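Structural overview for review
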Amino acid sequence: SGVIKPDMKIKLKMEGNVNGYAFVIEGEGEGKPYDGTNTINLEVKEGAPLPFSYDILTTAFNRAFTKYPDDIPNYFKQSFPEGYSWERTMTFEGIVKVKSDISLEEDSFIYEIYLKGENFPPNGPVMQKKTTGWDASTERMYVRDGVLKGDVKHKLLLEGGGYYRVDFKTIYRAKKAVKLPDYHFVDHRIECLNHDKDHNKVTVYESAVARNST
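Residues numbered from 1 in each chain as written, not as in the entry; some residues may be left out. Heavy atoms only, no water.

As recorded in the entry header, the structure was determined using X-ray crystallography to a resolution of 1.60 Å.

Laid out in structure tokens, this is it:
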């Protein structure tokens, strides 16, 4: 077998604070890198119960888990076993800044994540836990400054039936040189499952599939 097996494990830690409320979350999970699916079981270790919407954390909990056709160079799978890091800004109609380092030990991906959220309205749906997940999304992948960037015009769904616009800007940086792809798309679906009353324990499931521009 090669660096990336059809089944791979996940271990992660996130340290963060949102609107001055600090927390630590640990996760373990598994996915199918070639199918583009992954599941993570998350546990709040510090800062329970979280006084904000779990949805602003879920997209932080690895594009190694993306279905790719052979005719698009796979920025992410090429980067292993050394791996890659990413940095993301999420700008809400509130701002979240996330940094993640993705490494590989045998068949386990390891993520070290730092997240800072600020400027959320205290009685808004983010701090009042009135969001109902992310819509399906399309991330445009494009090269700038010798690394891969992703943009999403995202939509956070609000209980009652509205949405907030959230602009995602991510920089993906391989730890070694890899073949750079032409611009392309990644279609995402992310969901929360099996959450307990305070989201002390949450499962995140994501599917991600790449497709070309042509």
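Re the environment of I190
Put simply, the rule reads: In this description a helix means any DSSP run of H or I spanning at least four residues, a strand means any run of E spanning at least two, and both kinds are numbered starting from the N terminus. When checking whether two residues touch, look at their non-hydrogen atoms; a contact exists if any pair is within 4.5 Å.
Assignment of secondary structure puts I190 in strand β11 (residues 184-193). Distance in space between the C-alpha atoms of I190 and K97 is 19 Å, their sequence separation being 93 residues. Discounting chain neighbours no more than four positions away, the residues touching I190 are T58, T59, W134, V204, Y205 and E206.

Concerning the pattern of salt bridges
Pairs may arise between side chains of opposite charge once their charged atoms sit close together. Definition in use: In what follows, salt bridge is the name for a side-chain nitrogen of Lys or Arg lying within 4 Å of a carboxyl oxygen of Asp or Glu. Type-normalised accessible area, obtained with a 1.4 Å probe on protein chains alone, sets the label of each residue: buried when under 20%, exposed when over 50%, and partly exposed for intermediate values.
Evaluated as defined, the whole model comprises eleven salt bridges. Across the salt bridge formed by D7 and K32, the nearest N and O atoms sit 2.7 Å from each other. Taken as a pair, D7 in the segment before β1 (8-18) and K32 in strand β2 (residues 21-32) lie far apart in primary sequence, 25 residues in all. For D135, the salt bridge is made with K155, and the minimal N-O distance between the two is 3.3 Å. Of this pair, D135 sits in the loop between β7 (131-134) and β8 (137-144) while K155 sits in strand β9 (residues 147-158); the two residues are 20 residues apart in sequence, bridging distant segments of the chain. Judged by relative accessible area, which is 29%, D135 ranks as partly exposed. Here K155 falls in the partly exposed class, since its relative accessible area comes to 29%.

With respect to unusual backbone geometry
Across the junction of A48 and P49, the peptide omega takes the value -5°, indicating a cis bond. On the secondary structure map, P49 appears in the loop between β3 (37-46) and α1 (55-58). Backbone torsion omega between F80 and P81 reads 5°, so that peptide bond is classified as cis. Position of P81 relative to the elements: it lies in the loop between α2 (75-78) and β4 (84-92). The phi angle at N194 is positive, at roughly 55°, despite the residue not being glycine. Relative to the assigned elements, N194 resides in the loop between β11 and β12 (201-212). A residue is classified by how much of its surface remains accessible, and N194, at 69% relative accessible area, is exposed.

Let's talk about the nonpolar core
Short version of the rule: Take the buried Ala, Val, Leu, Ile, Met, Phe, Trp, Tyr and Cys residues and link them wherever side-chain atoms come within 4.5 Å; each set so joined is a nonpolar core.
Core analysis: the largest hydrophobic core is formed by 58 residues, its most contacted members being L57, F61 and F109. Of the residues forming this core, the biggest block, five residues, is contributed by β1. If sequence neighbours within four positions are ignored, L57 has contacts with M14, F23, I25, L50, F52 and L115.

Details of the pairing of β3
Consecutive side chains along a regular strand alternate between the two faces of the sheet. What counts is decided by this rule: Following DSSP output, two strands are said to pair if at least two bridges run between them.
Here nine bridges tie β2 to β3, and the two strands are oriented antiparallel to one another. The residue of β3 that forms the bridge with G31 is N38. In this antiparallel pair of consecutive strands, β2 and β3, the connection spans four residues, and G36 shows a positive phi of 80°. Here seven bridges tie β3 to β12, and the two strands are oriented antiparallel to one another. Looking at the pairing, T37 lines up with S207 of β12.

Concerning the side chain of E206
For clarity, the cut-off: Polar contact criterion, stated in full: a pair of N or O atoms within 3.5 Å, where within protein one must be able to donate a hydrogen and the other to accept it, and residues adjacent in sequence count only if both atoms are side-chain atoms.
By the secondary structure assignment, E206 is in strand β12. Classification of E206 as buried rests on a relative accessible area of 8%. A distance of 2.9 Å separates a polar atom in the side chain of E206 from a polar atom in the side chain of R63. For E206, the side chain forms a polar contact with the side chain of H188, separated by 2.8 Å. Excluding residues within four positions of it along the chain, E206 makes contact with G36, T37, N38, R63, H188, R189 and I190.

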